[PDB]
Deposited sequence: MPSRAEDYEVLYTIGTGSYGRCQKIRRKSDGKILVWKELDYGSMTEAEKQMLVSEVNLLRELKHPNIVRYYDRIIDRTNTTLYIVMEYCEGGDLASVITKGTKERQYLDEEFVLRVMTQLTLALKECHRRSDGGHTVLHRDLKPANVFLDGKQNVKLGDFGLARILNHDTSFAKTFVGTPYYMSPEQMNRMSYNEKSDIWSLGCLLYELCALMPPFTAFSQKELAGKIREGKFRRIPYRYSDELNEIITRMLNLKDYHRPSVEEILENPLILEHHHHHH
């Protein structure tokens, strides 16, 4: 509940909200992270908004969602610390980077693990009712478990619905693009312009994922990338696919 209860080990990274630091809890030595934000220049209404936000976030307990632990306030440094579980495997964007640089395609078993566990995380989030579902916000623990994490760049994953005129099947489309990039080490739609990217997305054409991946996996990813949302599989229909087995799920 107090900053002195933890010791900063080191800065993991910055960007987006604020600064992300790997920390250790003094009482038991548990390894966590915290995101330090600066609320001082936010309105009272803005801090109220974010308070209800992180309350809803504290109302989320799922093995495939980054676990929230605590919140700490420091009026001296006008800093709000949000304490969360540390995922030692890193993010998925780094895994895709490593595969691209090493010219090493990822195992199909790993793609199935990500598909299964991210589908379960999305199911949970749909039960508790424009996103940022992308490799940089998906993390891995030490036991192959996948955890869902919380402008100049091109929106490579933006559905045609969210581009013409958002629903759960849009989440399915974003998952499809993420799994595609895991298999092919590149997004399904490439462009230097945002207009060209919009055109390519609307036409809905892409290369098959590399041939080392099963026809069943390509089939389900292609179904997720259908132009019509009502043709994309629901969470339930994804989980019914014969590709998805027990060992693809989380394990403590």
property	result
Unmodelled ranges, which are counted on the deposited sequence from position 1 and given in order	1 to 2, 132 to 138, 160 to 175, 191 to 192
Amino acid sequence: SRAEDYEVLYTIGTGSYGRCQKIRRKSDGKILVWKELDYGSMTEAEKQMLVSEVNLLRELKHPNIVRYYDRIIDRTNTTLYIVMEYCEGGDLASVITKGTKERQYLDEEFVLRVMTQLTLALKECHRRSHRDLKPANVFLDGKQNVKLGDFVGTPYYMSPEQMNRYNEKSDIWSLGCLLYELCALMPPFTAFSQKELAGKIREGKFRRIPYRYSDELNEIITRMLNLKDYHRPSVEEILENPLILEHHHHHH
From here on, numbers count along this sequence of modelled residues.
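In this text, rigid core is short for the largest set of C-alphas that superpose within 1.5 Å between two forms.
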{"item": "Rigid core superposition result in 9 other deposited structures of this protein, more deviant of 81 to 89, 156 to 164 by Cα", "value": "156 to 164"}
{"item": "Between 29 to 37 and 42 to 50, the one whose CA atoms sit farther away in 9 other deposited structures of this protein (rigid core aligned)", "value": "42 to 50"}
{"item": "Residue 151 unmodelled in at least a third of other compared entries", "value": "yes"}
{"item": "No coordinates for residue 102 in a third or more of the other PDB entries", "value": "no"}
{"item": "Stretch with the greater mean C-alpha B-factor as recorded in the entry, comparing 75 to 83 against 89 to 97", "value": "75 to 83"}
{"item": "218 to 226 or 183 to 191, whichever carries the higher mean Cα B-factor", "value": "183 to 191"}
{"item": "Out of 231, 19, 22, 25, highest CA B-factor residue", "value": "19"}
{"item": "Among 32, 37, 197, 66 - the residue whose C-alpha B-factor is largest in the record", "value": "37"}
{"item": "CA B-factor placement of residue 208, once the chain's modelled residues are sorted into thirds", "value": "lowest"}
{"item": "Position of residue 147 among the chain's modelled residues by C-alpha B-factor, lowest, middle or highest third", "value": "lowest"}
{"item": "Among modelled residues of the same chain, the CA temperature factor third for residue 115", "value": "lowest"}
{"item": "Lowest, middle or highest third - CA B-factor, residue 2", "value": "highest"}
{"item": "Residue 177 - Cα temperature factor, lowest/middle/highest third of chain", "value": "lowest"}
